[PDB]
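Protein chains in written order, with the deposited numbering: chain H, 1 to 131, 137 to 218; chain L, 1 to 216.
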């Protein structure tokens with residue numbers, strides 16, 4: 001089976017160098033060109049460049065020219081994508097794929113690259129207080150690094166009405182997410198609501214009670 | 001400026017039929033190059049769907065077909081299925097400054113449940129956050145379908161694009177969609193304006209919520 005296998009996810013900081021790999025198997029690697037493609041989270045595919053591994057001929061998109069170096073070592077069936085100085089804006093998924101009479105018939109599984117200036121940091125947890138007979142309340146899990154955080158409500162006992170959103174990576178290099186639960190208006194004051202926030206990387210466990218105004 | 005142009009979105013119901021155009025320029029389709037199509041399901045690598053204008057790789061059902069006439073390529077999908085829901089990209093070799101060009105992509109939505117307008121909850125900055133010298137407005141968007149929204153923030157009546165972060169919609173357990181948007185402000189900014197608005201546009205209709213510093 002023809003395969004391309006890429007190196008594992010990377011978490012790096014601005015200015016650091018990085019070289020990720022794309023390893024071919026089940027075919028003659030030297031005889032087919034390898035393209036590299038960027039995909040910003042939630043965005044489309046962007047062609048970055050291409051390399052002929054037989055002779056090291058490389059061409060780049062004008063958008064990526066000078067920002068990145070594509071290379072290959074045909075003796076070990078591997079192509080590479082390399083940055084001398086990562087930017088936060090390089091945070092993306094990167095795929096390799098081979099040109100073929102069926103072009104890009106085979107793709108790598110992708111390498112996620114996360115670039116942030118942040119050190120490990122536990123979140124600040126802020127209550128989102130409630131203001137057809139139900140009320141929406143939640144917790145703001147602010148300014149943490151890296152992924153992931155776990156959120157539960159009332160130690161897991163409260164699961165209905167709960168939605169915990171995906172995180173945003175802010176311009177600051179830190180993540181934020183939110184978690185909401187819909188609850189009956191008449192249960193406010195009487196019934197107690199606590200979000201349980203777990204951030205393993207920093208060993209932070211926060212219990213925040215969310216109460217009305 | 002070798003470019004391949006695709007509509008941002010197409011939709012059809014299960015069992016129905018869609019077409020996705022891919023309009024080229026003189027350097028790509030214009031120069032005689034073949035067009036190829038890629039299907040990308042959420043969280044996966046793109047998959048070759050059509051190559052050389054109209055040929056199907058093995059494993060691709062005949063429900064998918066491609067054509068290319070003039071400077072326009074097109075992908076047709078018949079008997080739509082929910083697993084067809086995905087982003088579709090056209091691509092070609094090209095003669096310009098680039099060697100390979102991808103179209104901007106087309107999100108295919110398979111309309112298997114009814115349209116639902118978003119419910120919007122806008123939270124003002126908490127007391128605890130303000131005493132920490134920060135202020136974040138939290139706009140939560142729930143129970144909508146299909147899973148696409150545009151969020152616009154207003155300070156009084158003027159647009160604010162600075163300090164905005166918005167999540168791509170994801171499924172709630174009840175199988176509708178939810179999204180979130182944040183506006184980061186200094187406590188000074190929060191206090192200096194009369195009110196702030198989160199405006200969510202879904203299927204051409206806008207639902208707006210407003211919070212003011214002075215109200216409890």
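Where a beta carbon is used, it is the ideal one built from N, C-alpha and C, also for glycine.
Any 3 or more C-beta pairs closer than 8 Å across the segment 172-181 of chain L and the segment 142-149 of chain L: yes
Per DSSP, the bridge partner or partners of residue 209(L): 198(L)
Sequence ranges, beta strand (DSSP E) only - wholly within the segment 45-132 of chain L, length at least 3: 47-50, 64-69, 72-77, 86-93, 100-102, 106-110, 119-123
Given residue 103(L) as reference, the closest of 91(L), 137(L), 31(L), 49(L) once Cα atoms are compared: 91(L)
Beta carbon proximity, residue 127(H) to chain L, threshold 7 Å: yes
Residue environment, residue 41(L), which counts as buried when at least 16 other CB atoms sit within 10 Å: exposed
Own chain partners of residue 5(H) with C-beta closer than 6 Å, once the 5 adjacent residues on each side are dropped: 23
Selection of the segment 112-142 of chain L by Cβ proximity to chain H, strictly under 8 Å: 121, 123, 126, 128, 129, 132, 134, 136, 138, 140, 142
Of the listed residues 118(H), 46(H), 74(H), 67(H), nearest to residue 56(H) (C-alpha basis): 74(H)
Closer than 7 Å to chain L by CB, residue 162(H): no
Inter-residue Cα distance where the pair is residue 82(H) and residue 71(H): 8 Å
Which residues DSSP lists as bridging residue 154(L), in chain order: 159(L), 197(L)
Bridge-paired residues (DSSP) for residue 141(H): 187(H)
For residue 177(H) and residue 44(H), the rounded distance between their alpha carbons: 24 Å
Closer than 7 Å to chain C by CB, residue 64(L): Chain labels in this structure do not include chain C; the protein chains are H and L.
is_contact[residue 56(H), chain L] using C-beta, thresh 7 Å: no
Residue 129(L) burial status per 10 Å Cβ neighbour count (16 or more: buried): buried
Interface flag, residue 89(L) vs chain H, CB-CB below 7 Å: yes
Beta bridge counterpart(s) of residue 64(H) as assigned by DSSP: Answer is none; residue 64(H) lacks a bridge partner.
Proximal residues of chain H, C-beta to C-beta of residue 219(L) below 9 Å: No answer is possible for residue 219(L): it lies beyond the span of chain L, which begins at 1 and ends at 216.
Span of the alpha helix (DSSP H), counted from its first residue to its last, around residue 189(L): 187-192
At least 3 beta-carbon pairs within less than 8 Å: the segment 84-92 of chain H vs the segment 102-120 of chain H: yes
Neighbouring residues, chain L, relative to residue 218(H) (Cβ below 7 Å): 216
C-beta contact flag for residue 104(H) and residue 48(L) at 7 Å: yes
Beta strand (DSSP E) segment containing residue 203(H), residue limits: 199-204
Under 7 Å between C-beta atoms of residue 185(H) and residue 137(H): no
Cβ-based neighbour list, residue 212(H), same chain, cut-off 6 Å, excluding 5 preceding and 5 following: 199, 201
Host beta strand (DSSP E) of residue 218(H) (start-end): Neither: residue 218(H) is in no beta strand (DSSP E) and is coded neither H nor E.
Proximity test, Cβ basis, 7 Å: residue 45(L) and chain H: yes
Backbone secondary structure at residue 136(H) - three-state DSSP: No coordinates are present for residue 136(H), because the numbering of chain H runs from 131 directly to 137.
Status (buried if at least 16 other CB within 10 Å, exposed otherwise) for residue 129(H): buried
7 Å Cβ cutoff, residue 105(H) in contact with chain L: yes
Proximal residues of chain L, C-beta to C-beta of residue 46(H) below 9 Å: 102
Unbroken beta strand (DSSP E) run spanning residue 126(H), endpoints: 124-128
Closest residue to residue 155(H) among 207(H), 108(H), 54(H) (Cα-Cα distance): 207(H)
Residue 69(H) CB to nearest heavy atom of the ligand GTP below 6 Å: Summarising the ligand content, the structure contains no ligands, and the ligand GTP is consequently not present.
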